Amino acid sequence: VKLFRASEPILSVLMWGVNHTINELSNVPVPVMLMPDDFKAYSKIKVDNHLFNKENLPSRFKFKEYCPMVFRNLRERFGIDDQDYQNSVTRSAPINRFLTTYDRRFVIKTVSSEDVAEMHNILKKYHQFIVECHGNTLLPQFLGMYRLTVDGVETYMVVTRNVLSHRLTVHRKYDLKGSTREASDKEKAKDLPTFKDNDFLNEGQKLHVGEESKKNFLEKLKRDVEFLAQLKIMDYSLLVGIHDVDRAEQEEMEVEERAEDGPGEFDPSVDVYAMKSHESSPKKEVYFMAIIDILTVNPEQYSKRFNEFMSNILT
């Protein structure tokens, strides 16, 4: 019995819309293959509830889903069941627009009309490219694109798999691109600041993943970034998050002590970007690495610049 409670009406409408579209989708047979129209497709629903059901939702709102057949399939290819996805978004409000779902599995970006245009151009190729790699990629996994209308205003959203873990704590993160950058004193003030290229090198940080992994990683990064230049795309980043296993085990202990008054483990079928640090690492760690920001010097250039840098991070 879902109320769609949230801090803002926009979030209620998002919960409502993901709920409503996923249910509708489930009365729609699963196609043998996709069709070219499915990439021009969209659903539009428009609600006027007069003196009815207004405890949580506005009386009046609009929900558009772009290419709902393509993104259903995109979800299947990434191993996300539609009911799981729906539940992550509807059981309890997303919290942060840069939203996460209450359970941290899914990330919800507010985007621009441009971004949405860009999604459409690249969509045909992105699908095929997710197909021939079987979902094995460091690229953003796109699960849904939506336009919400509340109080006459329009908001564009894209849903992605969280790069970071849904359970394990991130103690330090970077945004990397590979260009001739630094996190501002304003950032450095945040609890968990987003650091950048020069911060990464300036502190000598390296990630000890182990060779069988460093290779499976750099081969992904290679297809991925060649695909991105081939599509003429630029300015993307490697998000790099670091979880210190031993420091978390202690944070836990201090969390249990307070209330009263396993470690380094993750499901690679959920924490899809996560690598254990090599037996020989100086610290017991977990990393999360994946490419972000591909909607929005040159492309052929960035590709190789970007690629050399990320290769040097690992060992």
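Heads up: residue numbers just count along the shown sequence, starting at 1.
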- Might you work out how many residues are unmodelled in the deposited sequence between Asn96 and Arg97, and answer none, 1 to 3, 4 to 9, or 10 or more? 4 to 9
- For 303 to 311 versus 7 to 15, entry-based mean Cα B-factors point to 303 to 311
- The stretch carrying the higher mean Cα B factor in the deposited entry, 186 to 194 or 129 to 137, is 186 to 194
- Out of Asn56, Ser280, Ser59, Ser43, which shows the largest CA B-factor listed in the entry? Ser280
- Which of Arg72, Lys220, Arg181, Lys214 ranks first by CA B-factor in the deposited coordinates: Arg181
- Task: Classify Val240 as lowest, middle or highest third according to the C-alpha B-factor given in the PDB entry, relative to its own chain.
- Result: lowest
- Within-chain third of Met234 by Cα B-factor, per the entry: highest
- With respect to C-alpha B-factor, does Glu65 fall in the lowest, middle or highest third of the chain as deposited? lowest
- Please place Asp199 in the lowest, middle or highest third of its chain by C-alpha B factor as given in the entry. highest
- Message: Using only modelled residues of the chain, where does the Cα B factor of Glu226 rank: lowest third, middle third or highest third?
- Response: highest
